[PDB]
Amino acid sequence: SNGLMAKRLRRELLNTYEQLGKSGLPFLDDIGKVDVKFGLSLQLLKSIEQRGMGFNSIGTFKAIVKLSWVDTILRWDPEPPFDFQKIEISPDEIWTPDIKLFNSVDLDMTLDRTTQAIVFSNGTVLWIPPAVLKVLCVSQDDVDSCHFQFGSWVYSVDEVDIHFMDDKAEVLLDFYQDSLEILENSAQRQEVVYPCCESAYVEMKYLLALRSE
């Protein structure tokens, strides 16, 4: 259709978020559970720097994080004059899951939020930003072992669920471009109880071990 109508479609969809704010689960009727599909694709190691004279180190990684979830506020009927299958939207203009790298040595991993998300007419959002992750590794016997723990900061399992995208319970290596040998690569979804709260939080925990250089 018209490129005009595509922009108008975006503005109409975003009007709700502009008027009501981006905070809160993406439901206007019965509040349901958001199931977020999550993938972590490793590209390369930036650095691994021993901490002091001990066996630990700070591992800084370049990755691409993949996230998808359904936002019912962003649905539209794909017929004229809005006969579009999808539209691109800035992630800072919509609700996004507050999934953080809990064990970051910094505040959190950093995502490139200038990267656009794509929303399909059925409300499915797919957002695949580049990411920098910094964690505390153990460096022993020429092996560097690092873990990554992801979960929603404030939403428990009855509010935000998380599952591995495409059921792939592993660091994805589709974009891997480094020379380092991968020695261990596994991941687990677990529901973990925190002191704050009655309901468990979903943790996606990845274990990655690389041969030291």
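Sequential numbering from 1, following the sequence displayed.
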property: Mean Cα B-factor comparison, 98 to 106 or 139 to 147, giving the higher one as deposited; result: 139 to 147
property: Given 59 to 67 and 163 to 171, the range whose Cα B-factors average higher in the PDB entry; result: 163 to 171
property: Third assignment of residue 22 from its chain's C-alpha B-factors; result: highest
property: Relative C-alpha B-factor of residue 82, binned into the chain's lowest, middle or highest third; result: highest
property: Position of residue 124 among the chain's modelled residues by C-alpha B-factor, lowest, middle or highest third; result: middle
property: Third of the chain, ranked by Cα B-factor, where residue 42 sits; result: middle
property: CA B-factor placement of residue 205, once the chain's modelled residues are sorted into thirds; result: lowest
